[PDB]
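Numbered from 1 within each chain, the chains take letters A, B, ... in sequence-line order.
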Amino acid sequence: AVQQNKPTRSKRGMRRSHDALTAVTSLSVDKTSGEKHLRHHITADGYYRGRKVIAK
Amino acid sequence: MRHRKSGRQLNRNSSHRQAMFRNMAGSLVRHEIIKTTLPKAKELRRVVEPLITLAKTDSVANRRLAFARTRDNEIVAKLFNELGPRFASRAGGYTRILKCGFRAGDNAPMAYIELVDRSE
Amino acid sequence: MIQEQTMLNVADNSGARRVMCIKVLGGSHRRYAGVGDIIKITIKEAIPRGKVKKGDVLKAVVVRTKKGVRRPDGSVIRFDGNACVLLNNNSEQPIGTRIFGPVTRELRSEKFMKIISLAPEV
RNA sequence: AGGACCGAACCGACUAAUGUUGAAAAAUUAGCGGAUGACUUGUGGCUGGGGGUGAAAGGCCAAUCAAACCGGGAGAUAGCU
RNA sequence: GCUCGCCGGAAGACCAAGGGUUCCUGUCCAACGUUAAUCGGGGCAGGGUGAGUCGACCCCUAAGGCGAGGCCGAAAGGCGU
RNA sequence: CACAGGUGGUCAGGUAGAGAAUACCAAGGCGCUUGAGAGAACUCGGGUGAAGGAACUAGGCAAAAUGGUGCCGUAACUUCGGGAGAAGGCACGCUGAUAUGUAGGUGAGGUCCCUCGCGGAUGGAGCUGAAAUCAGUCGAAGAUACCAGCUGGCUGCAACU
RNA sequence: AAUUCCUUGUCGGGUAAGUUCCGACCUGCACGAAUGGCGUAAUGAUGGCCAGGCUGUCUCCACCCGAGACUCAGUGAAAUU
RNA sequence: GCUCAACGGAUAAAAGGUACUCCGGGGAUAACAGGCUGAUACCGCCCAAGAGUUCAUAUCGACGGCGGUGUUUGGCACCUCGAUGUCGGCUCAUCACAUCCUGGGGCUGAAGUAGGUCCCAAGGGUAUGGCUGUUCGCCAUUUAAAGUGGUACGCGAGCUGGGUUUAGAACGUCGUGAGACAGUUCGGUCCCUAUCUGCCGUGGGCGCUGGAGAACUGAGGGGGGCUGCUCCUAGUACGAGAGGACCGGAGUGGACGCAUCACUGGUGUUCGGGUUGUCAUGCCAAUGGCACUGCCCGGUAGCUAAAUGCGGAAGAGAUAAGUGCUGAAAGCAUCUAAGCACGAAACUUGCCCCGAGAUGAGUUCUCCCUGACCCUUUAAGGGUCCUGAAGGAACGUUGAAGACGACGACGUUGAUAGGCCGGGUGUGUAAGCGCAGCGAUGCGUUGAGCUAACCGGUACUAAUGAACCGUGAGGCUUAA
């Protein structure tokens, strides 16, 4: 249920070795607007694959 | 065990699921563009596209089926008067899902669902 | 599909009306007696002044089941009740003379020929 | 008529599951007993610790009871750890 | 704002008790809110509670309390007209 | 503690219902201050289940089951009250006729009388309204949902509440 | 026997099989007459036994619906050492 | 002047209960389990009076003797009292062999069937119920068999809580009583979110010496190994009969295991229908919400057992007890000393699965990269520019794959998912309308309407031009 011995800094770090975050590999550039966006996601201005399909 | 099954539970019982998709289909037919979660849009496809397909042949029986599945006479009227004639030459694919980032409150993936020719 | 503790009707004129299976004969840990399988039974109801009497312990053969038999083409014959035919312990011949209700060809073995001969159907 | 019967409110607490660093220092759900009476309940009052009260279980007397709590004798005493 | 769902002898309305500004408006989001918060019973500021008839006070008394003289008791004090 | 608990009194709509039960609703008020996915083991709360039917287990624990109204029928024993809703059996929706709403309740006009009106017999309009027989009829099922006794036998103890 | 050690006493009933139960017996270790004896209809969230019905209790588990478990974002304990 | 006698004499003067209990201690000291021992227990052997129809040793074996185990009852007080939860049951097991069944064999008071006893053998298998808290035991009915023991009398941070071992109460008995009883009776709270070891699964990293994609060898590891009945040989051998085989062959079962969904079914709150009450969509008609999916009736795909396929082997090698052949020591005799031949479910293989982190990191096939300059502690060195291949990864649509990783399919050179069309399956004749009937309702249009996961098709929607990681011929020595 509970420890008998305090685990160490070392074992803490080894357990945390798989906690690293994977940064975004590469952002896609819009062909019309040239904005950077996540692939298959629309741009902040509302573009996607060169077309402005967003009301705003 | 989920082998060859269809439909997402979406962490709801079946009654809440039916009511939610009824409301959401009404909203999509009304506005022609709605922001929702990605899996919800994936299921709204299956809810809304059969309804528009039903709205092709204009008959009293189809009107009553649509009203049974929608419970909104304005939505039924818009379907049979506008979206039937609009999509009458299209074999399915009346809708379009565009992924649009994540929700601030809970990091849920977000998608716009649109009717393929809304012109707004 | 007959287990221990299950009640069976009697399809013969030996006297017993209802009997209870108390051991499924065959091998060890054997679970079920189907049609054509020998069971050990105790008589729970019997007509007065019959060949057998209440409380007797003897052998029987299952001749009808609700679970039914499967035929080689894949058909199933089910019955509305489970019935058996009483037998002597040490000779395995039927106690009674008449057989009531239909039977199946699963009893087409050299030992149950006397049941098949006097059965009204099949 | 009834310390009568079935049964809500209300008063209780027989069984089971849950929960047991609980939602809760005693509860929840499903069932369960009484339910015009020796009933239940509000407001105020009285009984005080070798005392009270007790259809009596050593029960209850502010989550404390084979002798409450607070302060004192008091740094009791401890051939023991 | 529109749909959807729940309570409806209550999860609705109003009192007593208890609380004390939580009430309404403007503003702010450090901390508090088991998350975010533009919101809040949170911080800051200002406002809001109008009685011959409602309640209290008041006049009357119940259980009980206190109790001039009094009886009683080492003192304290107990009982009582 | 912004805590599944406790906290006296008043108000008491509609439909069905004996009902303040229960179901769905009105007025009114809320979705309970983390969410989004996924749809493993296992745990918790439920649904269904072939054949068998207590073989489980310390034990039918827990579950399943019964469950309503009317009529009929109702044992041992008994303190003559009971036991008793003993056990057990039958019927049950909807439509029409009897009878454009029957039996019954209320009762306008109008007649009449009057120690006199807020008046007593007549009258029956309107409104409300069981229950039953017959005939038909739909369903697998008519107490259809919620709600709603399991029954019997032998025995110890304690009269009983 | 809520009382009996030997004891699962003996015989019978009920079960295929009954240390339990029911009835009879009497060698009552160690009943007994208001610390009452023996019966007793009715009552019981009372102990024991048997039967009809019912069933996932079980043979022997299968499938399904929800809440967790698992992953993602936010906040963020504990015993122990 | 002391039975101050507990005799170095507490006081002149003193008994009990606590299960209502308390506090300081002690593993200095009992109960559990462990430890030492092994009287006792169990097993084994030595002698042979005797039993066994004659006959000590087929089978037993008195009087006495010697060991083994650690296994019963005990002995000791070594660990634990600043806590090592007790009996039985359930779930899950694991070893031993002193073998219960199945295999091999010697003897037999072995004619045959059936047995007894001893030796070898631990691969697999190895009851269900009534009674009782039971372990045992008795009984019923089975089976090839229902083995004996160890594992904290295995197994409560896995379940239970019937029994023992609290607090309530009662009977018998004892006691003046409080109470008590290795008597009986009814009732009576079982916490823990797993850090480490272990174990079952599944990933990330690096390594394997230039990188990458596949396909393997197989060192090593795991799984599996049970058996009944019937018929033929054969009513033969044997036997006075009664009975009745060895060896060999065939079929058909029980339990267990793997796979699967064609069948029979279960489930199927995502499909269709019936129906109760109520609210609603202005109303009729029709639908929807809610009441456990309201309650029910069926039922697709998937999952699934009760359903249906398959399996345990044969064979080989080396052997156990055992049987021998030849054969001396020891002219004979002798299975043994040399040499040779058989011999079991046990061992190694053969059967299935994992398997190169097998750091001893293996093998095979294919693919890819073939540019210039500077620098200095000259080396398997550092740096700038060009180049960025094979491939991978990431992202997306996703799966009969999956907790998450992972694994498989697909991304416009496209059937990967949704939709759509056609079919199929399921439910069972929609709505609207017409006709008949007073009406409920019935008939026709109509096997209609609707239909999830299925089958065959179809780019309608969504799977993006890109970017990202991965380099630029790959060390030394010797030898051919």
How far does the [atom1] atom of [N] sit from the matching atom of [M], given to the nearest Å?
{"N": "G161(H)", "M": "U18(D)", "atom1": "P", "value": "10 Å"}
{"N": "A345(H)", "M": "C153(H)", "atom1": "P", "value": "41 Å"}
{"N": "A56(H)", "M": "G65(H)", "atom1": "P", "value": "26 Å"}
{"N": "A390(H)", "M": "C469(H)", "atom1": "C1'", "value": "14 Å"}
{"N": "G426(H)", "M": "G298(H)", "atom1": "P", "value": "15 Å"}
{"N": "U40(G)", "M": "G12(G)", "atom1": "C1'", "value": "28 Å"}
{"N": "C87(H)", "M": "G17(H)", "atom1": "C1'", "value": "31 Å"}

Partner nucleotide of [N] by Watson-Crick or wobble geometry (both distances under 3.5 Å):
{"N": "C97(H)", "result": "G147(H)"}
{"N": "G251(H)", "result": "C229(H)"}
{"N": "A13(E)", "result": "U10(F)"}
{"N": "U15(F)", "result": "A23(F)"}
{"N": "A321(H)", "result": "none"}
{"N": "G350(H)", "result": "none"}
{"N": "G19(E)", "result": "none"}
{"N": "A91(F)", "result": "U69(F)"}

Run the pair test on [N] and [M]: Watson-Crick or G-U wobble, both distances under 3.5 Å, answer yes or no.
{"N": "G42(D)", "M": "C271(H)", "result": "no"}
{"N": "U151(H)", "M": "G225(H)", "result": "no"}
{"N": "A262(H)", "M": "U48(F)", "result": "no"}
{"N": "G204(H)", "M": "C292(H)", "result": "no"}
{"N": "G68(G)", "M": "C42(F)", "result": "yes"}
{"N": "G23(G)", "M": "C11(G)", "result": "yes"}

Check for me whether [M] stacks on [N] (ring centroids under 5.5 Å, interplanar angle under 30°).
{"N": "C92(F)", "M": "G93(F)", "answer": "no"}
{"N": "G85(H)", "M": "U86(H)", "answer": "no"}
{"N": "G83(F)", "M": "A84(F)", "answer": "yes"}

salt_bridge([X], [Y]) N-O dist < 4.0 Å:
{"X": "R118(B)", "Y": "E114(B)", "value": "yes"}
{"X": "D72(B)", "Y": "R30(B)", "value": "yes"}
{"X": "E106(C)", "Y": "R71(C)", "value": "yes"}
{"X": "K54(C)", "Y": "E45(C)", "value": "no"}
{"X": "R103(B)", "Y": "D106(B)", "value": "yes"}

Reported CG-to-SG distance for the pair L8(C) and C84(C), which is rounded to 0.5 angstrom: 4.5 Å
Whole angstroms only, please: what is the CD1-P distance between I77(C) and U264(H)? 14 Å
May I ask you to verify whether the side chain of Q3(A) and the base of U195(H) hold a donor-acceptor pair under 3.5 Å? no
Test for a donor-acceptor pair under 3.5 Å between the base of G52(F) and the side chain of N82(C), counting only N and O atoms. no
With syn defined as a glycosidic angle within 90 degrees of 0 and anti as anything else, the base of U336(H) is anti
More 5' along RNA chain G: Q3(C) or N107(B), using each one's nearest nucleotide? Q3(C)
By nearest-heavy-atom nucleotide on RNA chain G, the more 5' of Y32(C) and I22(C) is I22(C)
Ranking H16(B) and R15(A) by the position along RNA chain H of their nearest nucleotide, the one closer to 5' is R15(A)
Mapping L65(B) and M1(B) to their closest nucleotides on RNA chain H, which lands nearer the 5' end? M1(B)
Partner of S28(A) under side-chain hydrogen bond (donor to acceptor under 3.5 Å, both in side chains), chosen from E35(A), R39(A), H37(A), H41(A): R39(A)
